[PDB]
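entry-v1.pdb follows (PDB, C-alpha atoms):
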```
ATOM      1  CA  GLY A   1     144.761  86.525  65.782
ATOM      2  CA  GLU A   2     147.655  86.967  68.138
ATOM      3  CA  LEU A   3     145.824  89.177  70.654
ATOM      4  CA  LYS A   4     143.352  86.330  71.187
ATOM      5  CA  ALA A   5     146.288  83.917  71.502
ATOM      6  CA  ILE A   6     147.789  86.179  74.183
ATOM      7  CA  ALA A   7     144.498  86.339  76.093
ATOM      8  CA  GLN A   8     144.241  82.534  75.955
ATOM      9  CA  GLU A   9     147.759  82.046  77.341
ATOM     10  CA  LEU A  10     146.990  84.524  80.158
ATOM     11  CA  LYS A  11     143.857  82.515  80.981
ATOM     12  CA  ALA A  12     145.994  79.347  81.205
ATOM     13  CA  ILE A  13     148.475  81.201  83.422
ATOM     14  CA  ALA A  14     145.714  82.341  85.793
ATOM     15  CA  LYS A  15     144.518  78.744  86.041
ATOM     16  CA  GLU A  16     148.018  77.450  86.895
ATOM     17  CA  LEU A  17     148.452  80.157  89.547
ATOM     18  CA  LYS A  18     145.106  79.126  91.066
ATOM     19  CA  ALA A  19     146.391  75.523  91.229
ATOM     20  CA  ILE A  20     149.606  76.726  92.895
ATOM     21  CA  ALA A  21     147.609  78.596  95.532
ATOM     22  CA  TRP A  22     145.445  75.531  96.192
ATOM     23  CA  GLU A  23     148.508  73.283  96.661
ATOM     24  CA  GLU A  24     150.171  75.836  98.948
ATOM     25  CA  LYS A  25     146.985  75.996 101.006
ATOM     26  CA  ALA A  26     147.272  72.214 101.627
ATOM     27  CA  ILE A  27     150.924  72.646 102.680
ATOM     28  CA  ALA A  28     149.963  75.541 105.048
ATOM     29  CA  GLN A  29     147.264  73.364 106.687
ATOM     30  CA  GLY A  30     149.523  70.296 107.225
TER      31      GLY A  30
ATOM     32  CA  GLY B   1     156.178  89.654  64.347
ATOM     33  CA  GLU B   2     156.492  90.822  67.911
ATOM     34  CA  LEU B   3     152.924  89.911  68.894
ATOM     35  CA  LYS B   4     153.691  86.305  67.975
ATOM     36  CA  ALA B   5     156.923  86.527  69.971
ATOM     37  CA  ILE B   6     154.913  87.794  72.961
ATOM     38  CA  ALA B   7     152.447  84.894  72.683
ATOM     39  CA  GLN B   8     155.371  82.422  72.461
ATOM     40  CA  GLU B   9     156.976  83.826  75.616
ATOM     41  CA  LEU B  10     153.628  83.582  77.425
ATOM     42  CA  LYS B  11     153.450  79.921  76.378
ATOM     43  CA  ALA B  12     156.935  79.392  77.918
ATOM     44  CA  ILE B  13     155.709  81.124  81.074
ATOM     45  CA  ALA B  14     152.626  78.903  81.275
ATOM     46  CA  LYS B  15     154.834  75.826  80.853
ATOM     47  CA  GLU B  16     157.064  76.724  83.782
ATOM     48  CA  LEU B  17     154.087  77.563  86.005
ATOM     49  CA  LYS B  18     152.577  74.153  85.097
ATOM     50  CA  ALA B  19     155.816  72.541  86.364
ATOM     51  CA  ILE B  20     155.581  74.578  89.576
ATOM     52  CA  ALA B  21     151.956  73.562  90.111
ATOM     53  CA  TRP B  22     152.760  69.885  89.549
ATOM     54  CA  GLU B  23     155.893  69.490  91.606
ATOM     55  CA  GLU B  24     156.088  68.063  95.131
TER      56      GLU B  24
ATOM     57  CA  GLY C   1     160.363  99.322  69.515
ATOM     58  CA  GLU C   2     158.444  98.925  72.722
ATOM     59  CA  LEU C   3     156.756  95.717  71.497
ATOM     60  CA  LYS C   4     160.207  94.139  71.164
ATOM     61  CA  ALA C   5     161.102  95.469  74.630
ATOM     62  CA  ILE C   6     157.945  93.790  76.027
ATOM     63  CA  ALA C   7     158.836  90.498  74.304
ATOM     64  CA  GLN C   8     162.354  90.721  75.761
ATOM     65  CA  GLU C   9     161.117  91.314  79.319
ATOM     66  CA  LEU C  10     158.722  88.344  78.954
ATOM     67  CA  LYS C  11     161.683  86.209  77.848
ATOM     68  CA  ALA C  12     163.526  87.308  81.033
ATOM     69  CA  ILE C  13     160.406  86.458  83.084
ATOM     70  CA  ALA C  14     160.219  82.968  81.521
ATOM     71  CA  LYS C  15     163.878  82.440  82.359
ATOM     72  CA  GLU C  16     163.432  83.424  86.023
ATOM     73  CA  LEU C  17     160.399  81.123  86.293
ATOM     74  CA  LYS C  18     162.446  78.281  84.768
ATOM     75  CA  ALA C  19     165.104  78.831  87.473
ATOM     76  CA  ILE C  20     162.409  78.864  90.170
ATOM     77  CA  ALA C  21     160.757  75.694  88.860
ATOM     78  CA  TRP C  22     163.978  73.724  88.472
ATOM     79  CA  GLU C  23     165.935  74.683  91.584
ATOM     80  CA  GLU C  24     166.209  71.430  93.550
ATOM     81  CA  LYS C  25     164.060  71.564  96.680
ATOM     82  CA  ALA C  26     165.444  70.722 100.174
TER      83      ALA C  26
ATOM     84  CA  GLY D   1     153.327 106.292  76.582
ATOM     85  CA  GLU D   2     151.510 103.172  77.742
ATOM     86  CA  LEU D   3     153.550 100.511  75.914
ATOM     87  CA  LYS D   4     156.657 101.899  77.631
ATOM     88  CA  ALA D   5     154.788 101.862  80.964
ATOM     89  CA  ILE D   6     153.919  98.183  80.289
ATOM     90  CA  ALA D   7     157.569  97.361  79.546
ATOM     91  CA  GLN D   8     158.607  99.094  82.784
ATOM     92  CA  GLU D   9     156.120  97.082  84.853
ATOM     93  CA  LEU D  10     157.377  93.850  83.233
ATOM     94  CA  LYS D  11     160.914  94.835  84.226
ATOM     95  CA  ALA D  12     159.693  95.279  87.849
ATOM     96  CA  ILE D  13     158.015  91.852  87.626
ATOM     97  CA  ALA D  14     161.246  90.232  86.406
ATOM     98  CA  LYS D  15     163.118  91.843  89.308
ATOM     99  CA  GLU D  16     160.647  90.479  91.884
ATOM    100  CA  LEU D  17     160.830  86.997  90.372
ATOM    101  CA  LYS D  18     164.637  87.189  90.663
ATOM    102  CA  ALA D  19     164.180  87.996  94.377
ATOM    103  CA  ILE D  20     161.793  85.035  94.740
ATOM    104  CA  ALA D  21     164.328  82.728  93.080
ATOM    105  CA  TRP D  22     167.067  84.020  95.409
ATOM    106  CA  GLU D  23     165.010  83.372  98.520
ATOM    107  CA  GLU D  24     163.931  79.903  97.359
ATOM    108  CA  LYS D  25     167.600  79.131  96.818
ATOM    109  CA  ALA D  26     168.150  80.135 100.495
ATOM    110  CA  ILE D  27     165.231  77.878 101.569
ATOM    111  CA  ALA D  28     166.794  74.973  99.588
ATOM    112  CA  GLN D  29     170.211  75.611 101.275
ATOM    113  CA  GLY D  30     168.754  75.632 104.879
TER     114      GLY D  30
ATOM    115  CA  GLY E   1     142.008 103.112  77.726
ATOM    116  CA  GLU E   2     142.616  99.409  77.992
ATOM    117  CA  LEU E   3     146.394  99.802  77.596
ATOM    118  CA  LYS E   4     146.396 101.924  80.762
ATOM    119  CA  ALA E   5     144.234  99.260  82.483
ATOM    120  CA  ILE E   6     146.809  96.632  81.447
ATOM    121  CA  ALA E   7     149.670  98.711  82.874
ATOM    122  CA  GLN E   8     147.706  99.122  86.128
ATOM    123  CA  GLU E   9     147.118  95.366  86.474
ATOM    124  CA  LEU E  10     150.855  94.717  85.831
ATOM    125  CA  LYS E  11     151.628  97.183  88.625
ATOM    126  CA  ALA E  12     149.271  95.191  90.921
ATOM    127  CA  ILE E  13     151.028  91.984  89.817
ATOM    128  CA  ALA E  14     154.460  93.395  90.633
ATOM    129  CA  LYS E  15     153.192  94.389  94.073
ATOM    130  CA  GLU E  16     151.907  90.870  94.803
ATOM    131  CA  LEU E  17     155.189  89.339  93.647
ATOM    132  CA  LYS E  18     157.064  91.679  96.036
ATOM    133  CA  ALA E  19     154.816  90.327  98.855
ATOM    134  CA  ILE E  20     155.635  86.774  97.764
ATOM    135  CA  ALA E  21     159.371  87.510  97.813
ATOM    136  CA  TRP E  22     159.066  88.843 101.374
ATOM    137  CA  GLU E  23     157.198  85.718 102.494
ATOM    138  CA  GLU E  24     159.766  83.390 100.871
ATOM    139  CA  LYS E  25     162.392  85.435 102.738
ATOM    140  CA  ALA E  26     160.378  84.795 105.979
ATOM    141  CA  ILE E  27     160.309  81.046 105.196
ATOM    142  CA  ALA E  28     164.106  81.092 104.504
ATOM    143  CA  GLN E  29     164.810  82.955 107.781
ATOM    144  CA  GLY E  30     162.133  81.164 109.849
TER     145      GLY E  30
ATOM    146  CA  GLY F   1     137.503  93.441  72.534
ATOM    147  CA  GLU F   2     140.666  91.447  73.037
ATOM    148  CA  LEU F   3     142.561  94.228  74.864
ATOM    149  CA  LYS F   4     139.799  94.245  77.488
ATOM    150  CA  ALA F   5     139.990  90.414  77.632
ATOM    151  CA  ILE F   6     143.765  90.716  78.270
ATOM    152  CA  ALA F   7     143.182  93.257  81.044
ATOM    153  CA  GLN F   8     140.592  90.918  82.605
ATOM    154  CA  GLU F   9     142.978  87.954  82.596
ATOM    155  CA  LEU F  10     145.706  90.120  84.182
ATOM    156  CA  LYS F  11     143.231  91.084  86.902
ATOM    157  CA  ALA F  12     142.583  87.343  87.518
ATOM    158  CA  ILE F  13     146.379  86.794  87.654
ATOM    159  CA  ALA F  14     146.807  89.554  90.237
ATOM    160  CA  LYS F  15     144.050  87.946  92.327
ATOM    161  CA  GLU F  16     145.723  84.503  92.210
ATOM    162  CA  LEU F  17     149.093  86.008  93.138
ATOM    163  CA  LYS F  18     147.417  87.696  96.130
ATOM    164  CA  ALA F  19     146.129  84.225  97.156
ATOM    165  CA  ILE F  20     149.650  82.769  96.729
ATOM    166  CA  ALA F  21     151.156  85.553  98.875
ATOM    167  CA  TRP F  22     148.564  84.772 101.569
ATOM    168  CA  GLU F  23     149.319  81.045 101.486
ATOM    169  CA  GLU F  24     153.103  81.616 101.576
ATOM    170  CA  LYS F  25     152.469  83.818 104.616
ATOM    171  CA  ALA F  26     150.459  80.918 106.112
ATOM    172  CA  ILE F  27     153.351  78.512 105.390
ATOM    173  CA  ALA F  28     155.890  81.007 106.932
ATOM    174  CA  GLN F  29     153.715  81.038 110.090
ATOM    175  CA  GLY F  30     153.398  77.240 110.410
TER     176      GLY F  30
END
```
So that I can check it, write out the structure of this file as structure tokens.
Amino acid sequence: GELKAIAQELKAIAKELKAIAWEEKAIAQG
Amino acid sequence: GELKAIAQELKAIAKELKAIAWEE
Amino acid sequence: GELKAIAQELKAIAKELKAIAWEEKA
Amino acid sequence: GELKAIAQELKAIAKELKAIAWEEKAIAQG
Amino acid sequence: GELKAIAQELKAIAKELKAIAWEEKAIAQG
Amino acid sequence: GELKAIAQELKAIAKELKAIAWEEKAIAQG
């Protein structure tokens, strides 16, 4: 169903945001 | 239906965040 | 309907993220 | 009720992303 | 209800994006 | 239920945005 599809996209979005934070952390260090 | 439309916009959102994560 | 309104705001959000992603960096 | 409240928060989110885009544009142009 | 919980998380999300816009502004002006 | 799952992913998204705001702050300050 579509509510499950929505939850799955939000999970993917959280994962991408986590990756963005991790990359920014490297920039902040350097 | 609108729930499908919502899921499709979230997919577009994930795609652009994936580009942001990747770049630079 | 409010579901349509939600879909329309998410479309606007995708569009702003597309602009953010694809603005050429200095 | 709550679906309207959700729509209103998404509008606020779009507005903040527009501000982010505007400031990144300024970073790019400095 | 969970719809209220969703609205409350979107409010938190808007608040974090406002913080991000302010920090991009600091980068632009810094 | 899936509405709860959606709320939980939005909570994760708020947390990652908080991390991004922190890292942008770190970039702004060197």
Chain D least-squares fitted onto chain F over all paired C-alpha atoms, as an mmCIF file with C-alpha atoms, in the coordinates of the input:
```cif
data_model
loop_
_atom_site.group_PDB
_atom_site.id
_atom_site.type_symbol
_atom_site.label_atom_id
_atom_site.label_comp_id
_atom_site.auth_asym_id
_atom_site.auth_seq_id
_atom_site.Cartn_x
_atom_site.Cartn_y
_atom_site.Cartn_z
ATOM 1 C CA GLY D 1 137.326 93.552 72.556
ATOM 2 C CA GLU D 2 140.601 91.697 73.020
ATOM 3 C CA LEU D 3 142.599 94.358 74.894
ATOM 4 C CA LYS D 4 139.823 94.416 77.506
ATOM 5 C CA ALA D 5 139.897 90.597 77.617
ATOM 6 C CA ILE D 6 143.685 90.815 78.205
ATOM 7 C CA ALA D 7 143.194 93.315 81.044
ATOM 8 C CA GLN D 8 140.586 91.009 82.608
ATOM 9 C CA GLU D 9 142.931 88.009 82.500
ATOM 10 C CA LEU D 10 145.700 90.106 84.107
ATOM 11 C CA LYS D 11 143.271 91.015 86.890
ATOM 12 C CA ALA D 12 142.606 87.262 87.432
ATOM 13 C CA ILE D 13 146.383 86.677 87.494
ATOM 14 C CA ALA D 14 146.867 89.393 90.129
ATOM 15 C CA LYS D 15 144.121 87.801 92.237
ATOM 16 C CA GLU D 16 145.773 84.358 92.098
ATOM 17 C CA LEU D 17 149.153 85.825 93.029
ATOM 18 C CA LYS D 18 147.479 87.492 96.035
ATOM 19 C CA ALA D 19 146.178 84.039 97.057
ATOM 20 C CA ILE D 20 149.685 82.581 96.641
ATOM 21 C CA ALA D 21 151.142 85.340 98.826
ATOM 22 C CA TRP D 22 148.470 84.686 101.477
ATOM 23 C CA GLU D 23 149.211 80.976 101.601
ATOM 24 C CA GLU D 24 152.987 81.503 101.711
ATOM 25 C CA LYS D 25 152.403 83.837 104.637
ATOM 26 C CA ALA D 26 150.551 80.921 106.339
ATOM 27 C CA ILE D 27 153.480 78.566 105.538
ATOM 28 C CA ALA D 28 155.910 81.123 107.076
ATOM 29 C CA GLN D 29 153.701 81.379 110.236
ATOM 30 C CA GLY D 30 153.512 77.533 110.767
#
```
Please expand the PyMOL selection byres ((chain C and resi 9-26) around 6) into the concrete residues it hits in this file, giving the result as a VMD selection string.
(chain B and resid 9 13 16 20) or (chain C and resid 6 to 8) or (chain D and resid 10 14 21 28)
Tell me, counting all atoms listed in the file, for each residue of chain E within 12 Å of chain A, which pair of atoms is nearest and how far apart they are in Å to one decimal, in rows ordered by chain and increasing number, as CSV.
```
residue,atom,partner,partner_atom,distance
E:6,CA,A:7,CA,11.8
E:13,CA,A:14,CA,11.7
E:20,CA,A:21,CA,11.7
E:27,CA,A:28,CA,11.7
```
Please produce an output containing C-alpha atoms for each residue in the selection, written as a CSV table (one decimal), in the frame of the given file.
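Dumped everything to part-v1.csv:
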```
chain,number,residue,atom,x,y,z
E,6,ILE,CA,146.8,96.6,81.4
E,13,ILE,CA,151.0,92.0,89.8
E,20,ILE,CA,155.6,86.8,97.8
E,27,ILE,CA,160.3,81.0,105.2
```
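As for atom CA of residue 2 of chain B and atom CA of residue 15 of chain B, they are spaced 19.9 Å apart.
Here atom CA of residue 6 of chain B is placed at a distance of 10.0 Å from atom CA of residue 5 of chain C.
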Per-residue nearest contacts of chain B to chain A (7 Å; all atoms listed in the file) as a Markdown table:
```
| residue | atom | partner | partner_atom | distance |
| --- | --- | --- | --- | --- |
| B:3 | CA | A:2 | CA | 6.1 |
| B:4 | CA | A:2 | CA | 6.1 |
| B:7 | CA | A:6 | CA | 5.1 |
| B:10 | CA | A:9 | CA | 6.1 |
| B:11 | CA | A:9 | CA | 6.2 |
| B:14 | CA | A:13 | CA | 5.2 |
| B:17 | CA | A:16 | CA | 6.1 |
| B:18 | CA | A:16 | CA | 5.9 |
| B:21 | CA | A:20 | CA | 4.8 |
```
Per-axis box centre and lengths in Å around segment 21-27 of chain F, 4 Å margin per side, axis-aligned, as AutoDock Vina command-line options:
```
--center_x 151.0 --center_y 82.0 --center_z 102.5 --size_x 12.8 --size_y 15.0 --size_z 15.2
```
Mind completing segment 4-23 of chain D with N, CA and C atoms? Output as a compact mmCIF listing (two decimals), in the coordinates of the input, please?
```txt
# COMPACT_ATOMS: atom_id res chain seq x y z
N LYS D 4 155.50 101.72 76.79
CA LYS D 4 156.66 101.90 77.63
C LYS D 4 156.32 101.63 79.11
N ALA D 5 155.18 102.10 79.58
CA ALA D 5 154.79 101.86 80.96
C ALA D 5 154.65 100.34 81.21
N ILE D 6 154.07 99.63 80.24
CA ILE D 6 153.92 98.18 80.29
C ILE D 6 155.30 97.51 80.37
N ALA D 7 156.23 97.91 79.52
CA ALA D 7 157.57 97.36 79.55
C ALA D 7 158.20 97.58 80.92
N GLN D 8 157.99 98.77 81.50
CA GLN D 8 158.61 99.09 82.78
C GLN D 8 158.01 98.22 83.90
N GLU D 9 156.71 97.95 83.84
CA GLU D 9 156.12 97.08 84.85
C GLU D 9 156.66 95.65 84.69
N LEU D 10 156.85 95.19 83.45
CA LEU D 10 157.38 93.85 83.23
C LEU D 10 158.80 93.74 83.78
N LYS D 11 159.60 94.81 83.64
CA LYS D 11 160.91 94.84 84.23
C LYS D 11 160.84 94.69 85.76
N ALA D 12 159.90 95.38 86.41
CA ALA D 12 159.69 95.28 87.85
C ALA D 12 159.30 93.85 88.24
N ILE D 13 158.45 93.22 87.41
CA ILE D 13 158.01 91.85 87.63
C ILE D 13 159.22 90.90 87.53
N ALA D 14 160.10 91.08 86.52
CA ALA D 14 161.25 90.23 86.41
C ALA D 14 162.15 90.35 87.65
N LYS D 15 162.27 91.56 88.17
CA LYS D 15 163.12 91.84 89.31
C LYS D 15 162.57 91.13 90.56
N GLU D 16 161.26 91.16 90.75
CA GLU D 16 160.65 90.48 91.88
C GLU D 16 160.78 88.97 91.75
N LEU D 17 160.66 88.41 90.54
CA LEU D 17 160.83 87.00 90.37
C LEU D 17 162.28 86.60 90.69
N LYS D 18 163.24 87.44 90.34
CA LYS D 18 164.64 87.19 90.66
C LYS D 18 164.83 87.12 92.18
N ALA D 19 164.19 88.01 92.92
CA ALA D 19 164.18 88.00 94.38
C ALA D 19 163.55 86.71 94.94
N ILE D 20 162.44 86.27 94.34
CA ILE D 20 161.79 85.04 94.74
C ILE D 20 162.76 83.87 94.53
N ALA D 21 163.43 83.82 93.37
CA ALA D 21 164.33 82.73 93.08
C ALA D 21 165.47 82.69 94.10
N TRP D 22 165.96 83.87 94.48
CA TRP D 22 167.07 84.02 95.41
C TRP D 22 166.70 83.50 96.79
N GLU D 23 165.49 83.84 97.23
CA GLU D 23 165.01 83.37 98.52
C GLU D 23 164.69 81.88 98.51
```
